[PDB]
Amino acid sequence: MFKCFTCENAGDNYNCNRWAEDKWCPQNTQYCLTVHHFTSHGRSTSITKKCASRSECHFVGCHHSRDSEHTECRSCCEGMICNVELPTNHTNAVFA
């Protein structure tokens, strides 16, 4: 089992943590979805993540809003609570 960030409305990474606690992921899941809401014009940016699978996000990518000019890029990262910070640089080591 593993713990992932299953937050909904979180303006910042910290907030996402306050909502999404350290709970085990579902049985029908093997990935950590990570949706990034980037506004074409505006500092504010929505963020949402949760457990997913190969089917749930079989066709990842970005989706530009029809009404607003805000795009939503969702991906699938592996590893316990891998969806820590939005701006992913690289993978760290294990302390096991």
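Residues numbered from 1 in each chain as written, not as in the entry; some residues may be left out. Heavy atoms only, no water.

Notes on the pairing of strand β4 (residues 70-77)
- Where strand β1 (residues 31-39) and β4 come together, eight bridges link them in antiparallel fashion. Bridge pairing links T34 to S75 in β4.
- The pairing of strand β3 (residues 61-64) with β4 spans four bridges and is antiparallel. The partner of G61 across the bridge, within β4, is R74.
- Counting the residues that bridge the hairpin from β3 to β4 gives five residues. (Pairing = 2+ DSSP bridges. Helix = DSSP H or I, 4+ residues; strand = E, 2+ residues; numbered from the N terminus.)

Structural notes on the UniProt feature "disulfide bond" in the protein
- A sulfur-sulfur distance of 2.1 Å is found for the UniProt-listed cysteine pair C7 and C16, consistent with formation of the disulfide (criterion: under 2.5 Å).
- For the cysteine pair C77 and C82, annotated in UniProt as disulfide-bonded, the sulfur atoms lie 1.9 Å apart, consistent with the bond being present in this model.
- Accessibility expressed as a relative area gives 24% for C82, which makes it partly exposed. (Disulfide = S-S within 2.5 Å. UniProt positions renumbered as here; feature names shortened; annotations may be inferred. Buried < 20%, exposed > 50% of the residue type's maximum accessible area, 1.4 Å probe, protein only.)

As for the packing of aromatic side chains
- Within this structure, the stated rule accounts for zero aromatic pairs.
- Above the plane of the ring of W24 lies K23, whose end atom (NZ or CZ) is 5.0 Å from the centre. (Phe/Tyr/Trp six-rings, centres within 6.5 Å; stacked < 30°, edge-to-face > 60°. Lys NZ or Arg CZ within 6 Å of the ring centre and 35° of its normal.)

Some remarks on the sheet that holds β1
- Strand order across the open sheet formed by four strands is β2-β1-β4-β3, with antiparallel pairing between neighbours. Lying at the two open borders of the sheet, with one neighbouring strand each, are β2 (47-52) and β3. Taking the axes of each pair of neighbouring strands and ignoring which way they run, one obtains an average angle of 20 degrees across the sheet. (Axes fitted to C-alpha atoms, helices over the stretch in contact; angles between N-to-C directions.)

Regarding the side chain of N13
- Following the sequence through the fold, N13 ends up in helix α1 (residues 13-19).
- For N13, the side chain forms a polar contact with the main-chain nitrogen of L86, separated by 3.2 Å.
- Once residues lying within four places of it in the same chain are set aside, the contact partners of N13 are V84, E85 and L86. (Polar contact = N/O pair within 3.5 Å; in protein donor to acceptor, adjacent residues only side chain to side chain. Contact = heavy atoms within 4.5 Å.)

Description of the state of the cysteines
- Within this structure, the stated rule accounts for six disulfides.
- Here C62 connects covalently by a disulfide to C73, the sulfurs 2.1 Å from one another. Taking the torsion about the S-S bond as the criterion, the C62 to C73 disulfide, at about 105 degrees, is right-handed. Of this pair, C62 sits in strand β3 while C73 is found in strand β4, placing the two residues 11 residues apart along the sequence.
- The class for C73 is partly exposed, based on a relative accessible area of 31%.
- Taken in N- to C-terminal order, the disulfide-linked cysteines of the protein are connected 1-5, 2-3, 4-6, 7-10, 8-9, 11-12.

Points about unusual backbone geometry
- Phi is positive for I81, close to 40 degrees, though the residue is something other than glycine.
- Tracing the sequence through the fold places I81 in the segment after β4.

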